[PDB]
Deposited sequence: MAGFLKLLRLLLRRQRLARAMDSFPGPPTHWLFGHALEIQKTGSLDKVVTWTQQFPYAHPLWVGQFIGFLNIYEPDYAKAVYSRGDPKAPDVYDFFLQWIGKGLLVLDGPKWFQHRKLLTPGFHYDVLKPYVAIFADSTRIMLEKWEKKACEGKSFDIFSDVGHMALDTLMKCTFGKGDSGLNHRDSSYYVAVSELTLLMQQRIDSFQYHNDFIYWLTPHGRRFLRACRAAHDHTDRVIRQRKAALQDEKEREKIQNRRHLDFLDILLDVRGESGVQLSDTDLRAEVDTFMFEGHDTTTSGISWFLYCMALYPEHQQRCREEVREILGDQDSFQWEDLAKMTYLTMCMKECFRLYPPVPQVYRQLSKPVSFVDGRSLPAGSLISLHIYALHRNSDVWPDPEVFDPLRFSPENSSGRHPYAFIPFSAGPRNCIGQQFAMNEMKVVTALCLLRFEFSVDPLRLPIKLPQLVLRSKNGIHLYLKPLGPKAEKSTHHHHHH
């Protein structure tokens, strides 16, 4: 016991000593910066800090843990190109929920899984998914036409979430109620876990699970685990009749190691972790992305009208979009990237340096130091983006992006730990969002504007309330 107290106090002095090269905002004697972080709009407060301290600034939860918040393309590249492990202080809070899956793994075992699961987001696996996206969206759009003609605005986030979760499971988990029960549990898990990240008194494992906060997290963990245990058994059992006919495997079948070709033999815990992991990752983010996009289309009726007639032309007289049609959606894509710049679905990720790093401006950090990549501020950096807060899709035209720094716009991160599902996501969001524009015209609700709420992914304190006009 005495050993551990000392272990921590030295680590904090170390972390502090390594960022003395980095000025930053004032620290409360107990809370560090937590009182600023916990305020509504703290993302914009970090953006102002960005302009007062260039490249990076220290960031403390509560006097024991301090990160170097980084928000500059060279600083990002210096760190996120290399593959240092995920910050244990943050990602260990995943353990009771998603465990040591791909997101949290740190080393040669991560590369094994990454090598195993990358096939499965290859475009030959994703080509059939286009039909499924279209079907899932048509169900959601059927409900929205009833809501629209009621004349009231309504929150689209939960509806998109239920559609995202359903399409994920039809595409990658074998699916051909209790699902809603899972959806509500993710909400609790991400809410609670985000609050744990921001609340230093909840950091210690032993203490945390004596608190109502931690117990509530554990009840949601069980709720999540029941869901993924059912998904696994349902598939294992469905492969008694249909194994011959499927044999380019989808994600869950790869894990189940049909054909014995994977040759890595996953444990039951490792299998359940990856299912847990990709079940959070493959729906929560695209829910945020799609929802925030449709809001952007409402905020800027010129841009969505352009997107609408673009996809209207691409579709023509087809029944549904084909995988080949997704490339033609060049203007939809640029509006989407500009949405993700301002409304990045994952605002903040973290690493713990395994090796020292030296930055472009001369400063450096030793191994063991904690990094906080602030994608939100990075995407609003005034030294990189003229008129940062302005929404201009033409920033991502072929001309204006030709010589842009590679780590300037990284909503899917970058490097060896980049998003594995990026092309899954991009394909899904383009199909969903294109069919949304062919079917409705979206407009703000001036009384109920969204307020940004970090919740691991980017959510809104009050949903995304929109008015929908049906279309011929």
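Of the deposited sequence, the ranges 1-2, 179-183, 255-259, 485-497 have no C-alpha coordinates according to the record.
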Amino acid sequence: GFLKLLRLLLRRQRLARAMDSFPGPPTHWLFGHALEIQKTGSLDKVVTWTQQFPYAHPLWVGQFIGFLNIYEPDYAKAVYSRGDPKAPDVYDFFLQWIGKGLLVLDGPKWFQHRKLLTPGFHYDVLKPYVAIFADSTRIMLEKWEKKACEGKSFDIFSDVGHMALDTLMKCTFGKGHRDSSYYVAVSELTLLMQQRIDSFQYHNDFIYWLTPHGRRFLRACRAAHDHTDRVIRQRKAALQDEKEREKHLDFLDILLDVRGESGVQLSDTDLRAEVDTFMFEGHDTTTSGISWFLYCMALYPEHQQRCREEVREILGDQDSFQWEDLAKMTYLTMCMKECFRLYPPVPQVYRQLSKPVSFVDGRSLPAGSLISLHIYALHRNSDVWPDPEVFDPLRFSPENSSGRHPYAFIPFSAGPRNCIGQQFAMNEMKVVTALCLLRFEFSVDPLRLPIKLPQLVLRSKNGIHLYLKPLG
From here on, numbers count along this sequence of modelled residues.
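Averaged over CA atoms, B-factors in the entry run higher in 12-20 than in the other of 447-455 and 12-20.
Stretches 386-394 and 371-379 differ in mean CA B factor, with 386-394 having the higher one. Set against one another, the Cα B-factors of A223, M193, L165, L315 in the record reach their highest point at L315. Based on the entry's C-alpha B-factors, the most elevated value among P411, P54, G41, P416 belongs to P54. Split the chain's modelled residues into thirds by C-alpha temperature factor. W60 is in the highest one.
Per the deposited record, the Cα B-factor of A185 falls in the lowest third when ranked against the other modelled residues of its chain. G421 sits in the lowest third of its chain by CA B factor, as recorded in the PDB entry. Among all modelled residues in its chain, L30 ranks in the highest third by Cα B-factor. Ranked by C-alpha B-factor against the other modelled residues of its chain, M334 falls in the middle third.
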